[PDB]
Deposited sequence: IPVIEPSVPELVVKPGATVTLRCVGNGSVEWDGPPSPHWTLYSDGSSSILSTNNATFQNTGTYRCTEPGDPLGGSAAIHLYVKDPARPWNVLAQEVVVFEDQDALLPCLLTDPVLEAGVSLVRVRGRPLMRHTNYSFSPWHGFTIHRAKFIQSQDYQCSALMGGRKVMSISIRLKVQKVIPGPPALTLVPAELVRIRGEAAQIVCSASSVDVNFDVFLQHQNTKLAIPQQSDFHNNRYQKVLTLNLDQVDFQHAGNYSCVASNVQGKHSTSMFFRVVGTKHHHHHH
């Protein structure tokens, strides 16, 4: 495992301060951390050095050192705080995407750890968090919304209490996605049919999301049927109803096929004319 000097878990500096992070391994090592300005990098065979003369709030975050080519070597980390009196937040990302019932980390890094007792998570335009929003805060990482829900897909802001006034971070958009298992669930009925030269064929598909197609095709030439669409039991339905008030040219292989961002699904039946 590589070794970082200074051997301290974290540093707290003022804007303008000089910071020098040095890492040493057996083989070549490399630093990763916040995409930030004014960093100079010195590297040779066994060691690598990050250094800046003008440390800024954007430099706030965890700096991790690893030795590539050593497998299972592990990493070493150090956290930098640049306590800008004007800028309490270093936002790493303005967009976050997760699925429902996952934790959602909003990566606003606090630039001064003593502020933690007076921080909160809010929405843009001063609106309050959605009802029953389960969340917690870590200085090194930011706010984590626990077991995220679709309803919580909002634009957020990190609030820091400095001299009475609450100072906001830049907005962070959270996308919570419904866990869509696969292609739309099909129901084509009847499975078998045979008539003398009336009949009914209903192609249906249903998913928790609206963004999905469904088509009924005779053979490989799709038919133009207006689809009835309704939302029930927290699910979207899309039904193609074919009415033949029949003949030999109507017989054949009716395939009911529905697609979405997941993929395409298909079910089919046979229609005979005697």
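Inset, instruction - Would you flag the ranges of the deposited sequence that the structure leaves without C-alpha positions? - result: No C-alpha coordinates exist for 198-199, 248, 278-286.
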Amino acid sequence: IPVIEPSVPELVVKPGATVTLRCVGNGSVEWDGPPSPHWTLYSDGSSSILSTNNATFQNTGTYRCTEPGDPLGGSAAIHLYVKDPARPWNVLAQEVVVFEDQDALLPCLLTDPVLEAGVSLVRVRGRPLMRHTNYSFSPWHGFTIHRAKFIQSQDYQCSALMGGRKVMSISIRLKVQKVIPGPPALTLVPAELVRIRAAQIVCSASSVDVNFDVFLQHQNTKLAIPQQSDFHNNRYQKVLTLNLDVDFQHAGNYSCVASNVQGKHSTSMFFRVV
From here on, numbers count along this sequence of modelled residues.
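Inset, instruction - Check the entry's C-alpha temperature factors for 90-98 and 179-187, then say which stretch has the higher mean. - result: Per the deposited B-factors, the answer is 179-187.
Inset, instruction - Take the C-alpha B-factors listed in the entry for 235-243 and for 29-37, compute each mean, and give the stretch with the larger one. - result: Averaging CA B-factors over each stretch, the winner is 235-243.
Inset, instruction - Name the one of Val124, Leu80, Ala198, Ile145 with the greatest CA B-factor according to the PDB entry. - result: Highest C-alpha B-factor among the listed options: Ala198.
Inset, instruction - Using the entry's values, work out which of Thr62, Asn59, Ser229, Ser47 has the largest Cα B factor. - result: Most elevated C-alpha B-factor of the set, per the entry: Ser229.
Legend entry - Ranked against its chain, the third holding the CA B-factor of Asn54: Middle third, going by the recorded CA B-factors of the chain.
Inset, instruction - Pull the Cα B-factor of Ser204 out of the PDB entry and bin it into the chain's lowest, middle or highest third. - result: Highest third - that is where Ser204 ends up once the chain's C-alpha B-factors are sorted.
Inset, instruction - Sorting the chain's modelled residues by C-alpha B-factor, tell me whether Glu67 ends up in the lowest, middle or highest third. - result: Lowest third of the chain for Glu67's C-alpha B-factor.
Legend entry - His132 - Cα temperature factor, lowest/middle/highest third of chain: Within its chain, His132 is a middle-third residue by C-alpha B-factor, going by the deposited values.
Legend entry - Chain third (lowest, middle, highest) by recorded CA B-factor, residue given as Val274: Its C-alpha B-factor, which the entry lists for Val274, ranks in the highest third among residues of this chain.
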